[PDB]
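Encoded as structure tokens, the following chain is the form deposited in one PDB entry, with no partner shown.
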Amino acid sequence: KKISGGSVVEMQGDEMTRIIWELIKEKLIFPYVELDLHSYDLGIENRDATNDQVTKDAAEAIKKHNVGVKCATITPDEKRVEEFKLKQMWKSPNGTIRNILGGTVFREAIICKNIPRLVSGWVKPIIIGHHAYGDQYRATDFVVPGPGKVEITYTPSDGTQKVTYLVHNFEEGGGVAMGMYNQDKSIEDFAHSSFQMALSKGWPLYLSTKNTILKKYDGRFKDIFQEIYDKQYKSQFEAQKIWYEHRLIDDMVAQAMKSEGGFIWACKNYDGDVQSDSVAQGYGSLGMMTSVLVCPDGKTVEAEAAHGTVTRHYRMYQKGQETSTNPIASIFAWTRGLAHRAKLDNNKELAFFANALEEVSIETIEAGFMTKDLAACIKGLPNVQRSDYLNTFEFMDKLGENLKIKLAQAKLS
């Protein structure tokens, strides 16, 4: 009857994405696929009840079963503490999971040909791999109050000679200073994840640094990537007629705007983070941005939407006002997780299903059925009328009918 899906780790989420997540399971997944589902409720309340232990348990389950699909979750702040009366201000579950798995998140826009892009020549997506460790995000910065000397020092653990460098001698007034770092193993894992992602997609890979300026700091990224490429991955790239190349960051961003798309882009922490919103708006909507965490083994993945829980739409839903929330990124978390599960298990039936759900979602939007965010990209939000879009539940119903028709004609060979 149903396709045997295998073991999948499922992580339930919050707010509007929580509603869509159950609609996806009930209307798109469960009628056709039978899964060994290991479910973890990462809803903000269950996280509070378990003192965030449910988040660590889910990450360990992903490590054992190799495939996880996650719904967007609330990252607590001070207002969230008051809203839910949380015991503590729990940290981001995405950060906790990524730190336990040790992978790199790759974000990819889902492209439908009728949705215009802000950059004219983009025909294929640009997949950015984000090294989410170190650099500015673990740095120590401080105000320099007046004249004085700032130095950075290194004291070896083996008791050998301590090294000291002059950062700056403030002579006239004050200013600011900061120290930051990165780690060899994290960079090596970042490289492995990047090479594995490029090989799975069959696309070339680019790493961006500023090693001409940061000769030691950024040069280490360039050296680690090149040595791992030359020793472990180059023949696989050549056999697929792809390649790896290092580029300076300023040249790289311009090359990305000029390109047609269709490459993997390994980004340092800052470079990947600061442009994520622009890539989403550049291709259309945040609702079309999916993501996958790829571990250096190439075997363990965790897929999820690259956007949040869409709190503003959830507030409208709570007051009975019509919402039109895009489910594509959430749906593609399931198809990408299920497609990886099928690749691990040599499951042709599941691989066919995952691709069929992708085609169904793209064909539906390209046929003119879309949510308000996509209609606004075509027409401009001030010009969007009610007849231009389907609400959140109508669009899920339309996807469910098209998927049923697609699989029914696929069963007729």
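Numbers for residues come from their place in the sequence shown, where the first is 1.
Below, we refer to the form deposited in another entry, which is not included among the displayed structures.
Enquirer: Which single entry of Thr300, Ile115, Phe225, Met197 lies at the hinge between rigid parts that turn between this form and the one not shown?
Expert: Comparing the two forms, the hinge residue turns out to be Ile115.
Enquirer: Over in the other structure, so in that other deposited form, do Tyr133 and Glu60 pull closer or drift farther apart at the C-alpha level? The difference is 3 angstroms or more.
Expert: Closer, not farther.
Enquirer: Quick one: in that other deposited form, is the Cα gap between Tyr133 and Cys295 smaller or bigger than here? Answer closer or farther; it shifts by 3 Å or more.
Expert: They are closer; the C-alpha distance drops by 3 Å or more in that other deposited form.
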